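Okay, so we've got a single protein chain in two different forms coming up as structure tokens, structure 1 first and structure 2 after it.
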Structure 1
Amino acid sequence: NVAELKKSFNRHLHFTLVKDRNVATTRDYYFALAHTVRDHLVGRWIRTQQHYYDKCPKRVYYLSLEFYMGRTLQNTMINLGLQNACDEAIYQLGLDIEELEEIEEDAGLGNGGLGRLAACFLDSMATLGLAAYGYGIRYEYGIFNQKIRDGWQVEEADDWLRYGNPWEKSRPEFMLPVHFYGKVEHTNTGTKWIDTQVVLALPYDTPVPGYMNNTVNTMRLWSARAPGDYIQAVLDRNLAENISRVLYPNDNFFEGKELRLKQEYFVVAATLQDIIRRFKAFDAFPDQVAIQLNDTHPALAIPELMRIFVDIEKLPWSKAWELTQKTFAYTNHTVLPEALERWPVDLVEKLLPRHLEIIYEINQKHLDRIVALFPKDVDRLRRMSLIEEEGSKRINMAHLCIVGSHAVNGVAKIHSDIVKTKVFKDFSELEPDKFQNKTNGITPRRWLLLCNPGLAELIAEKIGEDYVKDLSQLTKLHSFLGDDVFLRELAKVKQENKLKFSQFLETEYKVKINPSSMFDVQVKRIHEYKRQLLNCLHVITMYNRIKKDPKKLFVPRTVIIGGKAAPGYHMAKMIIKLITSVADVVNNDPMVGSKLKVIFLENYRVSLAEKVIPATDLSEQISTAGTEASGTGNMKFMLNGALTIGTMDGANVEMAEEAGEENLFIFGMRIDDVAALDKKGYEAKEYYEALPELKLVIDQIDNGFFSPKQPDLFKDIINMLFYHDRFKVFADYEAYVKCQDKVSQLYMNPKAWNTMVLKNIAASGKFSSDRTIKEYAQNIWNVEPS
């Protein structure tokens, strides 16, 4: 009870932090609390892992280069059902728990959607009581902290481990060596990989508590450690430790840096040896082991498992290749060509010479089969080989992932279809059953219970709390479609969120927020395919309109656009500057006043999403049709009371399917409209003329209305937009703006706006990661939710 939580807290402050109430810092209080909460995890954690050893159910291994975990304290208190008791204990000790919680750094070991999907999967897998493990890398530095300077993004090192991480547990007894470079030696004993450089891998375990179910799983992250001048030799140990130093900040973009390849083989080698070791405590290996490949990043795992089976375990190739396919499953997360992993055979040859041999082997057996089925289709061979002979020979990691796995899945109906029927038509045709779909999901714990306590409560007061573990239960909120009191209560919750988040924007930015305006938000990583630009074109279009007619009845808006750009992404940085430039001109214009305010949410990250999302009314999901494989921010917003304005793309389609197309503000081109416009040939100049408001928008940008001191500042954008916009911004502008007006129309009718919201929330059940995982478990890993 509260009493014991307070005693424990004091115990830790004293013994663990060596402090008194007269000298304890705010940080000391947070750590003391974390420890107090952390202790409640031990019993179950040991019990859970022990239970997996005893009953030996098939285990699931989620192998990913990223895990966008966020903060742990609160999530752990909720899932353990200790939040209310802790809130009380901390209150009685004269402290502000919210204040202590803010001290915790986000474990931002991910770039965005992909990394966050891994985090939601862990929570779900633990909640469904599955024997699942997350295997990744413990980056000393996660995704950079974003700061805006002179309207531009500046990167600062995210030194999240500086003051310590109470949620991680070093597991020194499981350290393992990883090999790099060296050479292949073909002898009578077989193929040996010798003269390699060694790097030690030290695993760090982090508990993953299921929601109210006694289960605490593990996320094992590996850290790299080192195994002429003496002083300099010691310093060069840093070179080996550089492997797990920092997470590559690219979202949907392939950068073929050697260090990156090292990280990939690193996590792959350590993980597989650790799995093998655990297994031997091989015919039944795939009946006990399931390894999910999160995108092609861990593709090397396939030839590494083979290498272990063949070179170390001495199994015959045929047998080894069979077990491998039954062990792996591959998830495809993108369609953009510049994101595709294609490593130069030269780099791989030098760094992983034995693996290159193995990949060649795989390809040989693979291609021989194709001929043994289509003896004359010559172009089909090169089209299907894991090797791209064009110019400089490179490896198509996706193809390696397809042949080395028994199942390949996309992350949304539309996406999976494109992956199965177009992108990999040749492979799907040969192995029909291999390709599947598994529509993404988000955990309703962090993205509802934790981030929106007001909503969670309102809902539970109307239909009970069964919905937490079975989100489909939300369909019962339909019974309240005509209930005016409930609808007023729904909007009240949304209002409290907006008021709390406003006070946040107030202290952070010198802008007076119209608490009654509509919160128009587009938060996600900055990328042309995501179109923060199109949105920006709209904001500017609204600016002008107010100038021309400042008396016109206008629904006030607070437009929020936030997200980080990859350091080496020039266009994204230009767009950020463009937006901050626009914001300044709009925010300070005397005629616009509290009618329209533009904010660029700085340092958008998981813990910040938990704040802004619940305070949103309008969710911007406007990616060009066919570009966003699925999206998950769209779901978070849907579940949190916001209406969506977007294209029929990724999971947006299924959101319309569930809620009813009429209850979402769909617009612009669809997958086929994009195809047609391609064949014809896109010429942005035409819309620039046919659409008068656009021309004005564009001219102001290019003329320097938003960049006086630098008239041609944004020329790079104009240039791209007019002759190199592979994402057709102008082509959806008319429909987009047209759609936006309608959004404001509905907003004026509170009763109708909230009616549509209710239909959205009541239809979000399908997007719970719990449903996603049950499908993965049943149709891919073949494991049972206990």
Structure 2
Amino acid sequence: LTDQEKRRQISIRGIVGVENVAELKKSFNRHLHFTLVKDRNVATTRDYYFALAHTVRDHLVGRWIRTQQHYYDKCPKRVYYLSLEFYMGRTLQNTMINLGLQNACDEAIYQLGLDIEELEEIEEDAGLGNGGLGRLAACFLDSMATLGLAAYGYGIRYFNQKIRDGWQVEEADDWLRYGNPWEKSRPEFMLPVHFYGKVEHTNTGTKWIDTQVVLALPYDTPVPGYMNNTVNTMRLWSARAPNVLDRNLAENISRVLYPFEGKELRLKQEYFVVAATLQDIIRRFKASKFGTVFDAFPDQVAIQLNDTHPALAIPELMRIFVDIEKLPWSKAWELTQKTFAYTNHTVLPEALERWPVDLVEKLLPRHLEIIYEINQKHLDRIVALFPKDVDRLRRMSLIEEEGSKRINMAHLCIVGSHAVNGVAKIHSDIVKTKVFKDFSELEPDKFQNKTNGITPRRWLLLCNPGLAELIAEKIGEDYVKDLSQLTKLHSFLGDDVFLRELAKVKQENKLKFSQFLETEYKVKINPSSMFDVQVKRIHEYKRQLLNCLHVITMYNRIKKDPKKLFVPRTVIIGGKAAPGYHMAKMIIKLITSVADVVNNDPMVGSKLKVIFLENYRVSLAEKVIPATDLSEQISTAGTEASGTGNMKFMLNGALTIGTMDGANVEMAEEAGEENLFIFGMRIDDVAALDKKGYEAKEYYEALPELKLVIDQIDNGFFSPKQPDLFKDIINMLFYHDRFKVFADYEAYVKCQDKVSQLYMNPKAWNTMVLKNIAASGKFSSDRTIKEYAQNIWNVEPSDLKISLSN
């Protein structure tokens, strides 16, 4: 008996769902010996981490198998998140947290006589991010899995900041010298991507010929939802040479993110992601369990364009439909616009992608044609509605026809998407009312806001188990999948007991992070000190230099009368500066030398410490963030759209000091201004000071203490061996400081003094903090996703624990 139900023996029936200790030790031993081809006598700590990661993967995959099985079966509309970069951090713990295996693994690994913490620290950060964008993608991928959406993450598959002589010194990030156990290569799903060549017009549709081919290799990484047994995918592509000296012009496409031919190489990078991706989707949807097959394309596919990097998806989808599936250009266009939605992240108007036609022309000729065609019909519709206005015309035109005419990628994205959104109320308003005024005026509804958010898993359960364990006891464990549940904590604004545990939790995380700075940067760390952190990328606009000014200023208050009640302060400033950014590299040395002084002079002792947090990255943010008291979100008004970091710090018991811009604004709304340290010029206050004109002249003198530091710095005080070294900051401070530092030097320096004041009264602090913590549930990246699903993708969230046994 028994036939080709013999093939039904090929199952995970008895190899999925058994998550006990015996089983975990047994898998661990299988991997360390069989997968790794090692033994207890030859295995380094790295060998053990791997064996443990593999042990965890198996469970992740088990659910990924059932998950994909559910999607094929239910045939849900699918979401595709298209981003150049994905800031993933480390995988292990996160996976153990989401699958609920932390505890068994803890014990499994104790029994084998290994320190799980040691293993967990061997993992390098997946170099797939460089900013807040790659990190927004990563929260979304988490929230989509958790929210039960059939999402996918499409991007590329590619940096160690080190300090030396107080200077930043870039160094290579070999994140894959030993491999990535988390990812799987699908060579069997490779795809050819084409560059260059030419287009041949025939009666049997247009053809692109004589092209240079680059292969696109998919690497899959499982993305686990939180405890619903749901597991999504992040497919990242690598480039390969098909079979003279160009057998690397492929590799280049994938070797560094944010790299003339350095502009070009970026273009090929963007197209490579876009072509491979679209082909992949089309392939997946042609295989769905489900005239014309594509008629339903937009009801089964939603593609999200994170910024203008993958703006080629529009003409590329059109190229596929018309030249390949061969449908009418007008049908393909309706399928297109309904597929795509565009997310604008840049406040800027002078920072949008714009490629020169002559370039798009050589590399992607069939695409330029398609683009010119989208345009004509585009303007053609405009001329209809507004006959005279020849200005609205050339304005709204996808192409900037001038010197060497350029294509406006941002415009292409808008015409080709059914929905455009911003990431904060005021930001989304500028995008609609100003930046793309013309566009909004036309199809007004097309525009909208989706306030950024942050994942409660990585940024609380994982990093701050102290805080989580605490909250849990008071308001149960529903805040995890519903962060607006944190409100219920206000019911403790009185519980003086509570605030005790609370600040205690902050001390513990604050104490641990201490053992770290000492063991790392080797400097006595004042565990009682008020940890004040500013960890944004190193740039002019982000200030930091303004904090430094406040770094030194506090350094004098302890020198001009060394016995006046001063609130102890450990100041942390971390971040990276582009290897080409001359200025910031200087602000980096500046902060270093300054630190040296304020640290070694024994007069200040355990009063104030300065620390440059080297190699700021996801995993580091995970160390600092929980142990921070004051969050430094102080960037000049009208420069920040959102501010993800702002939110991790408010979620974890830190308190915020900053301006009325970006995320601070919506934070004020939920907590209240009183519960936030606002200050400095409002966007309007600056909206005037420019007309008046600005010269650091005034502020310098009138502001005594300013003169101090201001000169201290220049007078070679912090730079003895080269006092004239920072003589480059002063010139672009007085003269060309496009960011008005001094102008706020007032509000700031004083502002802080109210902090030292609130800090001195513990009770005042903790009551305020709890007010910040119980108003952070709105900035959950789950709520941000719910929104996207309703008003954009038209897909519904699910709380269906996928079944392991079926």
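Think of the rigid core as the biggest set of C-alphas that the two forms share within 1.5 Å after superposition. Residue numbering: structure 1 sequence, from 1.
When the rigid core of both forms is overlaid, which of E662, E689, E98, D433 is the one whose C-alpha moves 2 angstroms or more between the two structures? Once the cores are aligned, the residue moving by 2 Å or more is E689.
Answer yes if the Cα of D417 shifts by 2 angstroms or more between the two structures on a rigid-core superposition, and no otherwise. For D417, whose C-alpha is compared between the two structures after core superposition, the shift is less than 2 Å.
So that I can tell if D678 moves, could you say whether its C-alpha shifts by at least 2 Å between the two structures after the core superposition? True for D678: a C-alpha shift of 2 Å or more.
Rigid core aligned, does the Cα position of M306 differ by 2 Å or more between the two structures? Result for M306: no, shift under 2 Å.
When the rigid core is overlaid, by how much has the CA of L458 moved between the two structures, in Å to one decimal? With the cores aligned, its C-alpha sits 0.4 Å away.
Once both forms share the same rigid core frame, by what distance in Å has the CA of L386 shifted between the two structures? Its C-alpha position differs by 1.2 Å.
By how many angstrom is the CA atom of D712 displaced between the two structures after fitting on the core? Value for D712 between the two structures: 2.3 Å of C-alpha shift.
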